[PDB]
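Summary of structural features
Chain by chain, the residues:
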Amino acid sequence: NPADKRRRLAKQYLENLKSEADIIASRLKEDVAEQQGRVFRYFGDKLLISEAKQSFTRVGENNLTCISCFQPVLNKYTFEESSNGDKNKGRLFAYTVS
Amino acid sequence: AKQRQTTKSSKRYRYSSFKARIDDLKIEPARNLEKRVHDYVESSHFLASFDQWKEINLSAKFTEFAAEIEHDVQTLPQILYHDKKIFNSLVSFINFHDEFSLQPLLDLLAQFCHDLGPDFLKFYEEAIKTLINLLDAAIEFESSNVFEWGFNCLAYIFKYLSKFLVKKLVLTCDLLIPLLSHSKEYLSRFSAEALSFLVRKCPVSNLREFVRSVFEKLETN
Amino acid sequence: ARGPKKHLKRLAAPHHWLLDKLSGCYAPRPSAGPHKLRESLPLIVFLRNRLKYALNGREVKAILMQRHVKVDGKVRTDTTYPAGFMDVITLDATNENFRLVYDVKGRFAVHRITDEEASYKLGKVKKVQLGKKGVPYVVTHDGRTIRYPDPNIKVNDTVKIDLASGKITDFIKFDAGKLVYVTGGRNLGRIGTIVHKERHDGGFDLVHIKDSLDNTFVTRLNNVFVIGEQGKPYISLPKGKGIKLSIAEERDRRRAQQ
Amino acid sequence: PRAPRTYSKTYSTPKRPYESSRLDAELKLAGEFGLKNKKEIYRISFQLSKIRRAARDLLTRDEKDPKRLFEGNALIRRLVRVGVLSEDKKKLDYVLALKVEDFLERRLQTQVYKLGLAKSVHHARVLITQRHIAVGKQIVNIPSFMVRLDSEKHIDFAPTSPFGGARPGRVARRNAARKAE
Amino acid sequence: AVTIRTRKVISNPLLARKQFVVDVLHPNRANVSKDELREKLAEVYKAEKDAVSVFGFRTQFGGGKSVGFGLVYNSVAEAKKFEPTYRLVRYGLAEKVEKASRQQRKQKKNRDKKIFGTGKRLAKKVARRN
RNA sequence: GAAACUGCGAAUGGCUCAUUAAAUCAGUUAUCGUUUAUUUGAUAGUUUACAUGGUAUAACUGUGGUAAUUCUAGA
Ligand SMILES: [Mg+2]
Ligand SMILES: [Mg+2]
Ligand SMILES: [Mg+2]
Ligand SMILES: [Mg+2]
Ligand SMILES: [Mg+2]
Ligand SMILES: [Mg+2]
Ligand SMILES: [Mg+2]
Ligand SMILES: [Mg+2]
Ligand SMILES: [Mg+2]
């Protein structure tokens, strides 16, 4: 019965939250909040702009026209990372054009 | 009477007595092959049925019940974490015995057990006790539909908890003795069918214990 | 005609029902009942042309035979039952209670009320008289006869009738300063306060009524229904509170809310 | 029997159809606006006469009269909306200054011509009657359709029209088929 | 592609159904038959097909969109109970009753009006007479 | 559930304008001058009973008359 399977996945998912700690209840709403098309990451106030470590890296190519960045993400539906391969586990890549 | 409505008239609408409906009624959910809402699920059975019942039923009690529990049923893990409060509210509203709202509540109670079966075991005794009081209350006010809702919910709980209940069916039978021994023939008849599903699912070894206990009980209705 | 009529042409039907003039040739004739034919709203119009719950007469009949509609706490199964002013219509399955009160325009308005408000209605005392065996009784505007009335109750007073038991709970005397509702004439549906009651023996009495906006109008006593004291109505009022408003302002606030 | 359905005549014959100056006037109006017959001119004239007679009656009433204010304001709003009366001329006096040409320009035929979708007023008529012109998302085939200010910017070739991006009409594909064969 | 938008939705538990106006956008297509509209509505509202009724569909001038009225009963049995017989026959849920034309039935009614009683006595009387 | 008894309807609807010159009709009055099926609300401890008759018949069984009718005779 696939509902039992969801329960197992939910149960393991619940155990993660207990490790992550009211707090459990709120975090439960947050993870599914992607399904509900509404803002759910309220972190602007807690952010620290003034202490930002800024850096400028020169590049030979002229008129860098765009940049695309790839971030692996844990998927709540299957609880697996989005990395293409085991070597790319938690490796962040940026692509650029000029 | 003795010449029951074997030959049906051409009338599209006909009167039927409560005893007539009760005699025709039978408790076996599986034979019904109609499409079920809970068959298609995105988050949980409870949520799938919960949204639908909001659309069909407009009873005041159900509306109040929905508002209290709406926030805590958006996801299956949320249901698991808030299982205690959800069950208490469901039991609370069923006790009011408002026929306008019973049907959505009884269905959701079964679907609640569907989402978290093994966890429902701690709720099992209270759930059965609530149904027994309702069915006893249902005798006072005539409504065949109420009996149909109540016993199917009882049948549904048996289907989902079939594995665990079978192991201790004597305990489950012990709860239903007032129903099986009740003065009314139909209430005993309906309960017997619901418990019959568990019996046919039993292992032979477990069955031998159950048959011994009932025969010991045999030593009104 | 050689006897009572049983058909009603659409053009001859009451205007305030707001029936299409081309939908058919005949309109529902209200059966005999509490209210007069021209001052009554048959249940078919209410369920079909107002609530839009039923699409045609047959579906209205299907609803009624299911016994889901109650009028004044009693189940009615007649399609053309003449529900009228201050009538309570209860739909349990849908869980609503409606009170039939005219709007400012002069038409019965779909006004939803709470259960505690649906438990009672108001009746204008049309007659008071001793019945057989010396038992006093009062006849209201909806044909209700209540025996053993309070002696102070007289004609033109209002009585608060509890639907479950059909007994008077409270009453209002007809006096200056009382809040009144117009049930006839081109001022139909307006609300105001009594100012003076002009009497003419052997003729129709006239009553002066002042609205909240300070406008004054005169109306025959037969069209006046006391509903409470100023600022304290005993029933929930429809939107607009029975205030007549001009046409220019009507344009104005329609634009404003639009 | 069922209640009557009202009807009315949208045009009236003139007091003297035989005035030579008049005949020349309808010749101008038909020629410039490509009107099929005189009945169209008479219809527009009748509508305009009704409008201006109402305006005159409203003017006769004293200023600040509620009827005057309400009905004059409604008439000015409608005339502005259809576009005959310009925004800066919102007074009943200028309504009396309207002319048949103002209404004629607002016809969908003339507007189609002015927008450049057609090379002649007659080309506009044949385009409209052939279901090639759409105001907004809807297709209009009636040359007498009156365009509103908002609708004016939405006139375009219909999606179903071959000129509007649909497949070629029957003649084009017939010719292509024979050429391929 | 074809899109179905439901508007003016009302929930009628008196009749145990949901009423609405169905607007169907069907670019590059003549129109959508009632069958496809029924199966799509049944999928959208998660009900049995037999519980969905649709009718009164009119395509506007110029094509591209249609408007009709749609009903969704809470279950099939209620659909059988409330739906008009002719619509049931359209969907095949019910079988058209075969009856003679009105003139034939009326003539038979008149002829049976002429006879009194069972009429067998007249039959034997005329048999003996002739 | 045919037939018949019983209850209700058939006095509504549809059509036409022949007669009609204070008549009809329009507006406006009156019933302290009267009937009112039906709906709605009240309203009857004061009148062999574990329940009376054919003072009775239809439908029905059967015997018939008339050229003929939505005719009907006897039992
Ligand atoms: Mg008097
Ligand atoms: Mg085309
Ligand atoms: Mg009779
Ligand atoms: Mg004559
Ligand atoms: Mg004479
Ligand atoms: Mg006279
Ligand atoms: Mg009757
Ligand atoms: Mg009575
Ligand atoms: Mg005899």
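So, a few notes on the structure that sits alongside this text.

Rules behind the numbers
- Within every chain, residues carry numbers counted from 1 in written sequence order, not necessarily those of the entry, while residues missing coordinates are excluded from display.
- Key to labels: chains lettered from A, ligands numbered from 1, both in the order written.
- Reported quantities concern only the chains on display, which constitute a fraction of a larger assembly.
- Side-chain calculation: all heavy atoms of the structure are included, whereas hydrogens and water are not.
- Patch definition: residues with relative accessible area over 30% and no salt bridge; like charges joined within 9 Å; nonpolar side chains (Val, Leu, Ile, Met, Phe, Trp, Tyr) joined within 5 Å.
- The accessible surface values rely on the Shrake-Rupley method and a 1.4 Å probe; as for residues, cover is taken only from the protein chains in view.
- By definition, a salt bridge exists where a carboxyl oxygen of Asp or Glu is found within 4 Å of a side-chain nitrogen of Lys or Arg.
- Note on conventions: DSSP H or I runs of at least 4 residues are helices, E runs of at least 2 residues are strands, and numbering of each starts at the N terminus.
- For every residue, the accessible area obtained with a 1.4 Å probe (protein chains only) is divided by the maximum for its type, and the residue is called buried under 20%, exposed over 50%, and partly exposed between those limits.
- Should any heavy atoms of two residues lie within 4.5 Å, those residues are counted as being in contact.
- Accessible area that two parts lose when put together, evaluated with a 1.4 Å probe and summed over both, is termed the buried area.
- Paired strands, in this sense, are two strands between which DSSP finds at least two bridges.
- Two rings belonging to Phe, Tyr or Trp (six-membered ring only in the last case) form a pair when the distance between their centres is within 6.5 Å. Interplanar angles under 30 degrees mark stacking, angles over 60 mark edge-to-face geometry, and anything in between is tilted.
- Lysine and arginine charges are scored as sitting over a ring when NZ or CZ, respectively, is within 6 Å of the ring centre and within 35 degrees of the ring normal.
- Definition of a polar contact: a pair of N or O atoms within 3.5 Å, with one able to donate and the other able to accept a hydrogen when the atoms are protein atoms, and with sequence-neighbouring residues admitted only if both atoms are side-chain atoms.
- When residues are sorted by character, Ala, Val, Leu, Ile, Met, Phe, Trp, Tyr, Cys and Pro go into the nonpolar class, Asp, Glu, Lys and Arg into the charged class, and all the rest, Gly among them, into the polar class.

Another aspect to go through is a nonpolar patch on the surface. All names here are of chain E. A grouping of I115, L122 and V126 is seen on the molecular surface, where their side chains present a nonpolar patch of about 220 Å² in accessible area. Among the secondary structure elements, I115 is positioned in the loop between α4 (102-114) and α5 (120-129). Owing to a relative accessible area of 32%, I115 belongs among the partly exposed residues under this scheme.

Turning next to the interface of chain D and chain C. Across the contact, seven residues belong to chain D and eight residues belong to chain C. Counting the surface lost from both chain D and chain C, the interface buries some 720 Å², and carbon and sulfur atoms represent 66% of this. When the area that chain D buries against chain C is broken down by residue, the three leading residues are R2, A3 and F70 of chain D, summing to 53%. Counting the contacts that link chain D with chain C gives zero salt bridges.

Paired through backbone hydrogen bonds, the strands of a sheet run either parallel or antiparallel to each other. Residues and elements named next belong to chain C. Strand order in the open sheet made by the five strands is β3-β2-β5-β6-β9, with antiparallel pairing throughout. Looking at strand neighbours, the two that pair on one side only are β3 (74-75) and β9 (112-113), the edges of this open sheet. Here strand β6 (residues 96-99) runs beside β9; their pairing, made up of two bridges, is antiparallel. Bridging from a neighbouring strand, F98 pairs with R112 of β9.

One pass over the structure, following the stated rule, counts 28 aromatic pairs over all chains. Ring centres of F151 of chain B and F190 of chain B lie 5.3 Å apart, and the angle between their planes is 55°; this geometry places the pair in the tilted category. Here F151 of chain B is found in helix α8 (residues 144-160), whereas its partner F190 of chain B is found in helix α11 (residues 185-200), with 39 residues between them in sequence. Each member of the pair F151 of chain B and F190 of chain B is classed as buried. Positioned above the aromatic ring of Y234 of chain C is the side chain of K160 of chain C, whose terminal nitrogen or guanidinium carbon lies 6.0 Å from the ring centre. Geometry around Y45 of chain E places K18 of chain E over its ring, the cationic atom sitting 4.7 Å from the centre.

Listed as interface residues are 15 residues of chain A and, on the opposing side, 17 residues of chain B. A buried area of about 1200 Å², summed over both sides, lies between chain A and chain B, and 65% of it is on carbon and sulfur atoms. When residues of chain A are sorted by the area they lose upon contact with chain B, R6, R7 and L28 of chain A head the list and together hold 39% of the total. Taken together, the connections running from chain A to chain B amount to zero salt bridges. Linking chain A with chain B are two residue pairs in polar contact, by the criterion used here. Those elements that provide at least two residues to the side of chain A that touches chain B are α1 (2-20) and α2 (23-32) of chain A. Residue contributions to the side of chain A that touches chain B peak at seven residues, all from α1 of chain A. For the side of chain A that touches chain B, the per-class residue count stands at eight nonpolar, two polar and five charged.

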